[PDB]
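Colleague: I have a structure I would like to understand better, so I am pasting it below and will then ask my questions one at a time.
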Amino acid sequence: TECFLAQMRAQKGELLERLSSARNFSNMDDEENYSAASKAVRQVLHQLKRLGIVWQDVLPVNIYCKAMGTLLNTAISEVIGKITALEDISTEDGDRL
Amino acid sequence: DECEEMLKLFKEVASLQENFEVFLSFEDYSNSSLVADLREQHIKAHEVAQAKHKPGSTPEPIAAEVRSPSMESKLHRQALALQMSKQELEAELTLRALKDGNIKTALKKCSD
């Protein structure tokens, strides 16, 4: 068990770093703030895609799905916290978000 | 099903009217020729909205620390009615750049 979770914390320590370019998801009207936000989101999904391909047909069905759900929960709960901590959301922001 | 189809038709009509100020009849609306023409017109518009932004000259003192809204977002506002995703937009841009004789811009988009 402890050997496996050591791989999990190593992987999480990547996803949040890939979200470091999210810039707190503020000022979506700016084109650079939209591009740098898309850069983080593409790479977050790409990391999980390759990890799932690597772990495909290796772990049992229950544990594979649970580990993937656990990683995706951390991926999504950071974006949710960033959005809920915002202050100004205009009409343009409500479309790009 | 009748109500869902009628809702879809009025949603398309209202989206095309509000985002483009184009007003015609339903026989002219359902005609796919105008839909394709407006799709290719705003594909070409997106071509220029980025082509002018590759620097052909020195940058102007505009969007300095206050950046203007992206042209891609406005194109996507228009295309939400057109039901064109990012993959199809990139596919069309690749072919259009290939017809222009620009090799690197097509290869980079294919690689991405």
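Each chain in the structure tokens gets a letter, A, B and so on, in the order shown; residues start at 1 in every chain, and ligands are counted from 1 in the order they appear.
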Pull out every residue of chain A that has at least one atom within 10 Å of chain B, counting only C-alpha atoms, and report them as a PDB file with C-alpha atoms, in the first residue's frame.
Modeller:
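This went into part-v2.pdb:
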ATOM      1  CA  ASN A  27      -9.493  38.502 -15.798  1.00  0.00           C
ATOM      2  CA  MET A  28     -10.772  36.127 -18.473  1.00  0.00           C
ATOM      3  CA  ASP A  29     -11.354  39.121 -20.768  1.00  0.00           C
ATOM      4  CA  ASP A  30      -7.601  39.204 -21.410  1.00  0.00           C
ATOM      5  CA  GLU A  31      -6.483  36.952 -24.259  1.00  0.00           C
ATOM      6  CA  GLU A  32      -3.277  35.923 -22.464  1.00  0.00           C
ATOM      7  CA  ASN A  33      -5.233  34.906 -19.349  1.00  0.00           C
ATOM      8  CA  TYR A  34      -7.444  32.734 -21.584  1.00  0.00           C
ATOM      9  CA  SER A  35      -4.523  31.135 -23.429  1.00  0.00           C
ATOM     10  CA  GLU A  92     -17.325  37.683 -21.191  1.00  0.00           C
ATOM     11  CA  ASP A  95     -18.698  32.487 -21.377  1.00  0.00           C
ATOM     12  CA  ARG A  96     -15.006  31.602 -21.197  1.00  0.00           C
TER      13      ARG A  96
END
Colleague: Mind listing the alpha helix (DSSP H) residues of range 2-112 of chain B, per DSSP on the backbone, as a ChimeraX atom specification?
Modeller: /B:2-20,26-30,32-51,71-82,86-99,104-111
Colleague: So, counting only C-alpha atoms, which residue among B:78, B:19, B:111, B:57 is closest to residue 94 in chain B?
Modeller: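 Comparing B:78, B:19, B:111, B:57 against residue 94 in chain B, the winner is B:111.
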Colleague: Could you list, as a PyMOL selection string, every residue within 12 Å of residue 71 in chain A, counting only C-alpha atoms and ignoring same-chain residues fewer than 6 positions away?
Modeller: chain A and resi 5+7-16+44-45+47-49+51-52+64-65+77-78
Colleague: Could you list, as a JSON list (two decimals) with N, CA and C atoms, in the first residue's frame, every residue within 10 Å of residue 83 in chain A, counting only C-alpha atoms and ignoring same-chain residues fewer than 5 positions away?
Modeller:
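Contents of around33.json, as written:
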[["chain", "number", "residue", "atom", "x", "y", "z"],
["A", 24, "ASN", "N", -5.14, 31.92, -11.01],
["A", 24, "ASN", "CA", -6.32, 32.08, -10.15],
["A", 24, "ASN", "C", -7.59, 32.31, -10.96],
["A", 25, "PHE", "N", -7.55, 32.00, -12.26],
["A", 25, "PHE", "CA", -8.70, 32.11, -13.15],
["A", 25, "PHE", "C", -9.35, 33.49, -13.08],
["A", 26, "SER", "N", -8.54, 34.54, -13.12],
["A", 26, "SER", "CA", -9.03, 35.91, -13.04],
["A", 26, "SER", "C", -8.75, 36.66, -14.34],
["A", 77, "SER", "N", -11.51, 19.81, -7.74],
["A", 77, "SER", "CA", -11.75, 20.60, -6.53],
["A", 77, "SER", "C", -10.83, 21.81, -6.42],
["A", 78, "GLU", "N", -9.73, 21.83, -7.16],
["A", 78, "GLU", "CA", -8.89, 23.02, -7.21],
["A", 78, "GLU", "C", -9.48, 24.08, -8.12],
["A", 89, "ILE", "N", -16.97, 38.67, -12.21],
["A", 89, "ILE", "CA", -17.25, 37.82, -13.36],
["A", 89, "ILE", "C", -18.22, 38.58, -14.26],
["A", 97, "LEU", "N", -15.35, 30.96, -18.85],
["A", 97, "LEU", "CA", -15.30, 30.00, -17.75],
["A", 97, "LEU", "C", -16.10, 28.75, -18.09]]
Colleague: Find the residues near residue 81 in chain B: any atom within 7 Å, counting only C-alpha atoms, skip ones fewer than 3 places away on the same chain, and give them as a ChimeraX atom specification.
Modeller: /B:12,15-16,78
Colleague: So that I can check the surroundings of range 106-110 of chain B, please list as a compact mmCIF listing (two decimals) with N, CA, C and O atoms, in the first residue's frame every protein, DNA and RNA residue that reaches within 12 Å of it, counting only C-alpha atoms and ignoring chain neighbours fewer than 3 positions away.
Modeller:
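File produced: part_2.txt:
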# COMPACT_ATOMS: atom_id res chain seq x y z
N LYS B 86 -13.38 23.14 -31.53
CA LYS B 86 -12.01 23.57 -31.78
C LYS B 86 -11.30 22.64 -32.76
O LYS B 86 -10.47 23.08 -33.56
N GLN B 87 -11.62 21.34 -32.71
CA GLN B 87 -10.97 20.38 -33.60
C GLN B 87 -11.31 20.66 -35.05
O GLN B 87 -10.43 20.65 -35.92
N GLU B 88 -12.58 20.92 -35.35
CA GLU B 88 -12.98 21.24 -36.72
C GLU B 88 -12.38 22.57 -37.17
O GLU B 88 -11.99 22.70 -38.34
N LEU B 89 -12.32 23.56 -36.28
CA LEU B 89 -11.70 24.83 -36.63
C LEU B 89 -10.23 24.64 -36.99
O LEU B 89 -9.75 25.19 -37.99
N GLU B 90 -9.50 23.87 -36.19
CA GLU B 90 -8.10 23.58 -36.49
C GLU B 90 -7.95 22.78 -37.77
O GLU B 90 -6.99 23.00 -38.52
N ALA B 91 -8.86 21.84 -38.04
CA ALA B 91 -8.81 21.08 -39.28
C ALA B 91 -8.99 21.99 -40.49
O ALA B 91 -8.26 21.86 -41.48
N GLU B 92 -9.96 22.90 -40.43
CA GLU B 92 -10.19 23.82 -41.54
C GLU B 92 -9.02 24.78 -41.71
O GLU B 92 -8.61 25.07 -42.84
N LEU B 93 -8.47 25.29 -40.60
CA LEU B 93 -7.34 26.21 -40.68
C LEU B 93 -6.12 25.53 -41.28
O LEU B 93 -5.36 26.16 -42.02
N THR B 94 -5.90 24.25 -40.97
CA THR B 94 -4.78 23.52 -41.54
C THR B 94 -4.87 23.46 -43.06
O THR B 94 -3.90 23.76 -43.76
N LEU B 95 -6.04 23.09 -43.59
CA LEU B 95 -6.21 23.02 -45.04
C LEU B 95 -6.10 24.40 -45.67
O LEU B 95 -5.49 24.55 -46.74
N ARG B 96 -6.68 25.42 -45.03
CA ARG B 96 -6.62 26.77 -45.59
C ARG B 96 -5.19 27.30 -45.63
O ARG B 96 -4.80 27.95 -46.61
N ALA B 97 -4.40 27.04 -44.59
CA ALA B 97 -2.99 27.42 -44.61
C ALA B 97 -2.19 26.60 -45.61
O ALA B 97 -1.25 27.13 -46.21
N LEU B 98 -2.54 25.32 -45.80
CA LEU B 98 -1.87 24.52 -46.81
C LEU B 98 -2.13 25.07 -48.21
O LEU B 98 -1.21 25.09 -49.05
N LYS B 99 -3.36 25.51 -48.49
CA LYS B 99 -3.64 26.12 -49.79
C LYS B 99 -2.86 27.41 -49.99
O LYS B 99 -2.59 27.79 -51.13
N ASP B 100 -2.50 28.10 -48.90
CA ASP B 100 -1.74 29.34 -49.01
C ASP B 100 -0.25 29.10 -49.20
O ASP B 100 0.50 30.06 -49.40
N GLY B 101 0.20 27.84 -49.14
CA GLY B 101 1.61 27.55 -49.25
C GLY B 101 2.39 27.70 -47.97
O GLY B 101 3.63 27.75 -48.01
N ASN B 102 1.72 27.77 -46.83
CA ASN B 102 2.37 27.89 -45.52
C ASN B 102 2.44 26.49 -44.92
O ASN B 102 1.42 25.91 -44.55
N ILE B 103 3.66 25.96 -44.82
CA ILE B 103 3.84 24.56 -44.42
C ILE B 103 3.93 24.44 -42.91
O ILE B 103 3.30 23.56 -42.30
Colleague: For CA of residue 34 in chain B and CA of residue 21 in chain B, determine how far apart the two atoms are, in Å to one decimal place.
Modeller: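 Atom-to-atom, CA of residue 34 in chain B to CA of residue 21 in chain B, that is 14.0 Å.
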Colleague: In Å, with one decimal, what is the gap from CA of residue 46 in chain B to CA of residue 33 in chain B?
Modeller: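 Taking CA of residue 46 in chain B and CA of residue 33 in chain B, their separation equals 19.9 Å.
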Colleague: Under the rule that only C-alpha atoms are counted, which of B:82, B:14, B:75, B:24 is the nearest residue to residue 49 in chain B?
Modeller: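 Selected residue with least distance to residue 49 in chain B: B:75.
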